[PDB]
């Protein structure tokens, strides 16, 4: 069993020449150490979802695509507490008629909680939490409310290990 809810924060700054290049990528990793992990445990990476981000009263819309660096489960031997996980994010211009998942309001930076999540939770818990998360987003609830319910469900009897991402863009003018 594992019991920690751990998170890490990474700051992505979209560079000015994104106007020309229309692409940017970053691969973030983090060493999680859950000192509460006892016995043997399996940490499973949860399937991510693309995120449409809106900046400057939603006049700039960015597509964020996430991918696990390694899609395999992490097997923690007896009382092994430490593991390293990571993901890649690719930023590109959104399809214009895309619906914004997260908005900076009138500014150019947003916090995006839980862009990528691992959990020690059971197959049954993971399956239902992942379905309810997908249905949460389709129903029109806010990204944060959906992520919060997803974390709460995974963490019931397990550990949750989450990546948060701040995205900032100050285009050249």
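Positions refer to the first chain, counted from 1.
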Requested in this report: Could you check the entry and say whether 86-94 or 70-78 has the higher mean CA B-factor?
Outcome: 70-78
Query raised in the report: With respect to the recorded C-alpha B factors, which stretch has the higher mean value, 25-33 or 104-112?
Result: 104-112
Query raised in the report: Checking the entry, which one of 118, 62, 136, 129 has the top C-alpha B factor?
Result: 62
Query raised in the report: For the listed residues 47, 40, 148, 125, which one has the largest C-alpha B-factor as given in the deposited model?
Result: 40
Report summary line: In terms of its chain's C-alpha B-factors, the third that includes residue 157 is the highest
Query raised in the report: Thinking about Cα B factors across the chain, which third does residue 8 belong to?
Result: lowest
